[PDB]
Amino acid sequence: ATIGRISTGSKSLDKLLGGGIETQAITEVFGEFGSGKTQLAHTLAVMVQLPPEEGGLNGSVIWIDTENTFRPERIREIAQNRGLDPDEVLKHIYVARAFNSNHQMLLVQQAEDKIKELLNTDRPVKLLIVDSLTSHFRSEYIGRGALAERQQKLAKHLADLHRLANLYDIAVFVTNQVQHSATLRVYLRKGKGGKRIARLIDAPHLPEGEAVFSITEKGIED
């Protein structure tokens, strides 16, 4: 019942987040193309595998990929440069490509089976990524009347995700490209000098500053 926190790799971003992204919660990162959403996802997929005194949860990962932007060699690089075995780290990320939004929804149901399989194991699922949460919905539900229909399907999908996060004490991390029912929304944008900036949105009771980070051979870090 106590929540867990997964470090992002960036001390700055971690502080903004109160220590890292939370289990029993959906964290949505949103921003324009190139703002670092997928790179943050790759980094979290390594960080969660660390022990807790290093900011992880000794956990496995389920990743639902909608745009085929998952890169196993990037996982291996991030792992290697953080002192972890690249191939063991990869072994604990279960990637499924979602062919369309309906398949994406079924995949969340299959994720529950894998979650059960690894539960009470030494590396239970502690992170579930959906990258991108919205891309299929955006292409499939379009035109007059689509707004209500799309929002309803997305709400159902997010309800499924919330249930997994809460039932099994998992952190859910979803991405959304810009030009809501997530627990926490984090807006990401590219700044000067290769920096990325993060801001919490519509969360008046949480830190109101901005975090600043870089994307490196370690994934994300200050």
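Residue indices: 1-based, along the sequence shown.
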What lies unmodelled of the deposited sequence between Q179 and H180 amounts to 4 to 9
Per the PDB entry, mean CA B-factor is higher for 119 to 127 or 74 to 82, namely for 119 to 127
Comparing mean C-alpha B factor in the record for 11 to 19 and 195 to 203, the higher one is 195 to 203
Scanning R163, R185, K37, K156 for peak Cα temperature factor in the entry gives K156
Here the Cα B-factor of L106, set against its chain, lands in the third termed middle
The third of the chain into which the C-alpha temperature factor of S132 falls is the middle
So, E32's CA B-factor, relative to its chain, sits in which third? The middle
The third of the chain into which the C-alpha temperature factor of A98 falls is the lowest
Of the three thirds of the chain ranked by Cα temperature factor, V172 occupies the lowest
